[PDB]
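There is one chain below, alone, in structure tokens, taken in the form deposited in one PDB entry.
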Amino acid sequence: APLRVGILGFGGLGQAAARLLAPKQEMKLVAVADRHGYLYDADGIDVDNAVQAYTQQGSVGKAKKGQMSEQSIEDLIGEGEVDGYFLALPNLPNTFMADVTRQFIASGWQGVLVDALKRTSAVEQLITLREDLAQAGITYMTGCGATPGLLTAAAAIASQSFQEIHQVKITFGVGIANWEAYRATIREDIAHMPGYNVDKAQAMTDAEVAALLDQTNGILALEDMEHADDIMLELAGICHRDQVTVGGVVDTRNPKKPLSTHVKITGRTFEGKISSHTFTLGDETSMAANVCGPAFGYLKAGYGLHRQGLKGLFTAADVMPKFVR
């Protein structure tokens, strides 16, 4: 009885999430939705077919068993049996994840939701929905990506050695392999550039983008970003959000990671000695793998909590993710 799961969003992240699920024996992808269509197959999605439909014909509604629809998310919820969904949605507008969650609250569907949100303020909009989620019978796992997520959890574990936390420093690197199937979401990173914000970045043209990325050989270096690692670690009682600082480099013109992603956790131990733990990711673990891997680990953990009748909102920092086989 493998977990029947769905993906909402079929840009680069959701496509990678679909590929990641293929060989799992204990997780079965039955449901995808994009803006313009949805695909359900209780016997398991043809990812080849769905990625074809999307990239060639603009939506998975064009897939062999696909349905076109401007209510894809509303239609797919009531369409068949899905234990959990990964919300691989961009947060555009900044309310969209919260709005999609309100559709899930409103639908009377129960089960597990996971996101890979990045921005403190989007995670806050989901905090306000804590009781709504509980009451609806939904276990919601928020910030269960790479950062927040994998790295947030690593810091939460690392923190146990210390009487007091001083700094959680996250430095991430990202190399874009395929420009096509990232330039849909590149504006989420441009929004973290100094001078910019989501509204300004989202209104930019392919031209205004390429004109910016030309200034640096396709390198976005983003400094002290709005990253929900800060509140997740604070709700877990580890440190104040202000002691969490997140920074990153994306190389748009190189598949190779421009630096080793890591989290440095600094604190003082009970003996009054000050020291740092360091969790480093392999350079050949892609963004897709470091996001979607934890995402479905959390989805499985979420189902464990859901099954025991534990509902509400959980962060990467609160629960141990479960290896999906």
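Residues carry their position along the shown sequence, with the first being 1. Residues that one form lacks are left out of the comparison. We call the rigid core the largest set of C-alpha positions that still match within 1.5 Å between the two forms.
Missing here is the form deposited in another entry; even so, the following discussion is about that form.
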- Item | Core-fitted Cα difference of 2 Å or more between this form and the one not shown, single residue among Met204, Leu92, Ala184, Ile219 | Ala184
- Note on the structure: The CA atoms of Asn178 and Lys64 move 3 Å or more in that other deposited form, ending up farther
- How does the CA gap of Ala184 and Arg119 change in that other deposited form versus this form, closer or farther, if it moves 3 angstroms or more? closer
- After core alignment, residue runs (3 or more) whose Cα moves 2 Å or more between this form and the one not shown: 177-181, 183-185
